[PDB]
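One chain follows as structure tokens, the form deposited without the named molecule.
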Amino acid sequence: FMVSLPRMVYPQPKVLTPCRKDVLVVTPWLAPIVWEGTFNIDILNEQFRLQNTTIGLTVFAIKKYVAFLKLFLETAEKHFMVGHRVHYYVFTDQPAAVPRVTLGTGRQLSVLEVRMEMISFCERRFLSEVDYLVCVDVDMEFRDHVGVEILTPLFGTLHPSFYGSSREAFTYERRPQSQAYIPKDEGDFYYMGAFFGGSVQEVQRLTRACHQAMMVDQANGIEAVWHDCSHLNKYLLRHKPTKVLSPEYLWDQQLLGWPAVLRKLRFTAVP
């Protein structure tokens, strides 16, 4: 049950004026593609706060990757779901190397000592603790707002190197013997494994499926070309995401600059 929104004053949406004319803003299966200018964050914040939404954010930081935690978490504090309940889950082989980062109210951090497998021993915990799970790479920093506009049952993010490419150029797994196989004439988008998420139930479904597919490939003596990313793309081909995030949400400014089509650079690679 969802209670009523309060009175709000904002500009009237214009039926005969698109928010963006330069980019595709809805997939052919009617999932929004999230770009700056497509959303009123005030409306969305109200909607999600009225449900007391809790968002879990998972990151793996193994060996030398623990070095990236401090910037990742400090910048997540400035930009990630601010105003909402957040639970960080940091999976690491070095609990003592996790930096003590100061968190805003309603935000917590758990250190889990030790990717698809692990997400699908944590199953009951996540179901009890959060509403949505967001899974990201740690060698990244937030540079702008990443908020409730991404939340939906299942989302993927456009790979920043491939959003303009034809599907034949996508580096999907192309060996027919692999569970991740995608033929040259199939594929909607090339999603990147560095940022995906959804409800806890859908993320566990995805991670369970990818783990089973990886196990099958292993038993058959084959390893998919981009490992996690190949399997993620196969899953998202066959189970269409309910939102797709634009490359604003997964960028590398050193490699790719700041093109006009990106009004904001929200979450970026660290050199």
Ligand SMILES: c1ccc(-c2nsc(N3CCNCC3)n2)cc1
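Numbers follow the displayed sequence, beginning with 1.
Only in words, not in the display: the form deposited with the named molecule bound, which the text now covers.
Contact with the named molecule in the entry with it bound, judged as any non-hydrogen atom within 4.5 angstroms, is confined among 99-107, 81-89, 154-162, 179-187 to 154-162. The named molecule is not shown here, but in the entry with it bound it comes within 4.5 Å of a heavy atom of residue 140. Using a 4.5 angstroms threshold between heavy atoms, residue 71 stays clear of the named molecule in the entry with it bound. Though the partner is left out of this view, residue 265 does not reach within 4.5 Å of the named molecule in the entry with it bound, counting heavy atoms only. In the entry with it bound, none of the heavy atoms of residue 19 sits within 4.5 Å of a heavy atom of the named molecule.
Residues are counted as partner-facing when one of their heavy atoms sits within 4.5 Å of the named molecule in the entry with it bound; in 252-271 these are 252, 255, 256, 269, in sequence order.
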